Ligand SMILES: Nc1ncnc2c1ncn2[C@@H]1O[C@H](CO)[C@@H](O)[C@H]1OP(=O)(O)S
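The chain that follows stands alone, in the form deposited without 2'-O-(sulfidophosphinato)adenosine, written as structure tokens.
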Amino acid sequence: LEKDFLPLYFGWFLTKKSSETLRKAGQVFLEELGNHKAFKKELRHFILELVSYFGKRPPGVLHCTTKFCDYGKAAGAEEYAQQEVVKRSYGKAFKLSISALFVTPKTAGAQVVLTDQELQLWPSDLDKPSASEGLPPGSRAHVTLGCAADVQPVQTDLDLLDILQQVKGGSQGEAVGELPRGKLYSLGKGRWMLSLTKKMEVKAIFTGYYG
């Protein structure tokens, strides 16, 4: 993991079965959400088949990105990979806990709640936009399940942070309902959160993306 060898990004790449399970949980969520009376009631604030709306799914296995590196050109890439724990974690297996699924007009995603051990692989030099303020590092951690038309998956970061900010300040609101596997919260502005009754555990390998 010297500078010349760095990937486009590092992250946890879900195993094939974990990826399948979470992809399927996400499609069931999008289908059940789009059919729920509370969501249909709020259609104006969002724009319908949410599975298709979020059809942009990059090719390959679902993942939780840590550090965008741009093959060593990105700020802090070399210093991230220089860390012993990164070197020692490359190729190693992890369990990630998913606590919620979410939807915005721009992205559909799974919130990841990293362990202390996994946080050691979370970069310390990320930008700190206003929506991250008061949230501990790693709150951004997610798996993107789908994007709208012309959305860039870097948008998923900011959508999740905005949702977590709203929850943090007590405007989560009362559950509007229950979908399979959790409670459904309406946050306004097209933003929806399925808080899962049980965390979804996925398995993943920490490695580099060289597409």
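Residue numbers here begin at 1 and follow the sequence given.
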item: Extent of unmodelled deposited sequence, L48 relative to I47; value: 4 to 9
item: Of 142-150 and 23-31, the one with larger mean CA B-factor; value: 142-150
item: Mean Cα B-factor comparison, 55-63 or 176-184, giving the higher one as deposited; value: 55-63
item: Options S124, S132, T104, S99 - largest CA temperature factor per the record; value: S124
item: Chain-wide C-alpha B factor ranking for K203, given as lowest, middle or highest third; value: lowest
item: Position of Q111 among the chain's modelled residues by C-alpha B-factor, lowest, middle or highest third; value: lowest
item: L161 CA temperature factor, ranked by third within the chain; value: lowest
item: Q120 CA temperature factor, ranked by third within the chain; value: lowest
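Omitted here: the form deposited with 2'-O-(sulfidophosphinato)adenosine bound. The next part is about that form.
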| item | value |
| --- | --- |
| Candidate from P153, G55, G177, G173 lying within 4.5 Å of 2'-O-(sulfidophosphinato)adenosine in the deposited bound form - any heavy atom | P153 |
| Sole residue of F68, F39, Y185, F46 within 4.5 Å of 2'-O-(sulfidophosphinato)adenosine in the deposited bound form, by heavy atom | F68 |
| Contact at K106, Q111 and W192 by 2'-O-(sulfidophosphinato)adenosine in the deposited bound form, all three, heavy atom at most 4.5 Å | no |
| Contact of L6 with 2'-O-(sulfidophosphinato)adenosine in the deposited bound form (heavy atom, 4.5 Å) | no |
| One stretch from 140-148, 23-31, 177-185, 163-171 that, in the deposited bound form, holds residues within 4.5 Å of 2'-O-(sulfidophosphinato)adenosine by heavy atom | 140-148 |
